[PDB]
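This document starts with one chain, in the form deposited in one PDB entry, laid out as C-alpha cells.
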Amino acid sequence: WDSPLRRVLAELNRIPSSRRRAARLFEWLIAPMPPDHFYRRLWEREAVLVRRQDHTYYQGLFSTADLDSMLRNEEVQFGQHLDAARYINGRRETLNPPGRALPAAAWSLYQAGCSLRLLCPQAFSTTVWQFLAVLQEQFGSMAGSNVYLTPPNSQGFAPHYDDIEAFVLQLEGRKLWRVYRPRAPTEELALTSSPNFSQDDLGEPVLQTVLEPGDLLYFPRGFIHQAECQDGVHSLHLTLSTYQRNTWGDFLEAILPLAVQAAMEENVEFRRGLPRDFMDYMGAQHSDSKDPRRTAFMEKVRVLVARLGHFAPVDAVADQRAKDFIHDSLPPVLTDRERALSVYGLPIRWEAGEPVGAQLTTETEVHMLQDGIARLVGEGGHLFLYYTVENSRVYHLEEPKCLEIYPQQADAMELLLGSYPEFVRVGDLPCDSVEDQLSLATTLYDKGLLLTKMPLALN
C-alpha cells in the first residue's frame, strides 16, 4: 500500500511542472547517487550498482501477480509480447509455442526452467506507463521496458550486449549478475544488439553481484551482461531502456544529405563539374597511382565534406528528431490538477437524460497542459504543432498527429511553448486580433493541450 514508489508518485502529483517531475523521478530512481554526478561521470561510461538497503523501494511498479493477471485478462501473445527462453548446456533455446500465452502454458514453461520476458509492460500496466512517461521527459528519448521472470537455479539467456542504455530494477527475489566492459573498441557504445556469446568469448566481469529487491544496476550499450538465479529464490526485474539510436552519428546521418543539398543550391562551387579525367587516377584499380592529382582529388573531397558543416540545417533536424520523439513517446499521465483544469476534466451537466461547457475569454489565464507534449515544426513552408496526447501506449500504433498553426498565431504559440508553467492571459497573447487569441487558445484547449487557471465549468 505505502512504498517509496507510492510516496514519490504522490509527491509528483503536487509538483506543478512536468519538467520538474521528470528530474525528481530520475533523482528518486538512482537515489542517493546524485544525477549531476551520474550524468557527468558515469552515464555512457561505467557500470553502476546502487545498493538500496530497502526491499520495498519499487513496490507497486510490477509483480509476478501482475504478470499472472495480465496473461489471464489481456490478449498476450507469444513472440509478439512474451518470450519463454532457456540457456542450457551453453545454448540459448526459444520455446515459444505459437498463439496466445495463457497462464497454463506460461507457468508450465516456467516450471520447465524457462525464463519469461514481457516485451511491452507499459501497454498493460498503468504504473509502468506512468513511470516511463515521466522519465522519457528527461531523457529526450523514448523510455521502453522489458520484464524478466527467471525460475530458481536457472539462466534464461546467453550473454549479450544491448543497443540501449539499461537500468535494471530488481523487483523480487535475488539474481547473480555479471557485467563486462566492452571487449573491443568497436563494441564500446555499440550501435546494435550483439549476437549470442558463449562463455569462451568473455573475459573477467567488471562487476559481479547478487541484486536484491530495491537495488538498481545501470550499464551502457556495449557492456556484455548475463544473469542467473541461485538456489531457492526466483527473480523478477524490470529493465528500463532508453537512447536507442540517439548518437551524434544518427544526428549527422539526417543532416548531411540536407547539407549537401543546401550547398549545391546556395553555392556554385558545389555545382562545378568534376574533372574530365579523374577516372584515370581514382578508383580501386588506381589505389597505388603515383599521380599527384590523386592526392589533390582526395584532399579536395575531404575539404568539401568539412565545408558542408556551414550548410547543415541543425535546427530543422533538431525539430525532425523532436517530431520523431513526439511520435515515439508514451502519452502523458496527467496530475489531478492537470485533469481538472483541462478539457479532460470538464464536467458535463445532465438533466432528464440530456447534456447542458463554457467558452474561453480574453481574461482566461492559460498555459500548456505539460512541457513535453507538443513541438512546433516548420515543414514545406507550413507550421505544424505535433503532440503526444493521442498517442497509444503501444509503440507507434498511432501515426504522427499534428494540427496546423497559422502564421498569425506563430508568435503566440511560441510564447506558450517557451513560457510553461507560467500563466498567460488569452488577451495578452501576441496574435494579430482578439479573434486569433481566442481561436488559438480554444483550438489548443479543445485538443487537450492547454489548461486554464480556474476550470471553465463546475459540478
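Start at 1 with the first residue shown and count on from there.
One more form of this protein, deposited with a partner chain bound, exists but is not displayed; see below.
Enquirer: Note which of 127, 244, 226, 209 lies within 4.5 Å of the partner chain in the bound PDB entry, where distance is taken over heavy atoms; exactly one does.
Expert: Flagged contact: 244.
Enquirer: Which of these residues, 174, 181, 367, 92, gets a heavy atom within 4.5 Å of the partner chain in the bound PDB entry?
Expert: The option sitting close enough to the partner is 92.
Enquirer: With heavy atoms only and a cut-off of 4.5 Å, decide whether residue 327 touches the partner chain in the bound PDB entry.
Expert: So residue 327 does not count as contacting the partner chain.
Enquirer: Using heavy atoms and a 4.5 Å limit, would one call residue 395 a contact residue for the partner chain in the bound PDB entry?
Expert: Residue 395: contacts the partner chain in the bound PDB entry.
Enquirer: Within a 4.5 Å heavy atom cut-off, is residue 203 in contact with the partner chain in the bound PDB entry?
Expert: No, residue 203 is distant from the partner.
Enquirer: Do residue 144 and the partner chain share at least one heavy atom pair within 4.5 Å in the bound PDB entry?
Expert: Yes - in the bound PDB entry, heavy atoms of residue 144 and the partner chain come within 4.5 Å of each other.
Enquirer: Three residues, 120, 148 and 194; all within 4.5 Å of the partner chain in the bound PDB entry via heavy atoms?
Expert: Checked in the bound PDB entry: all three residues contact the partner chain.
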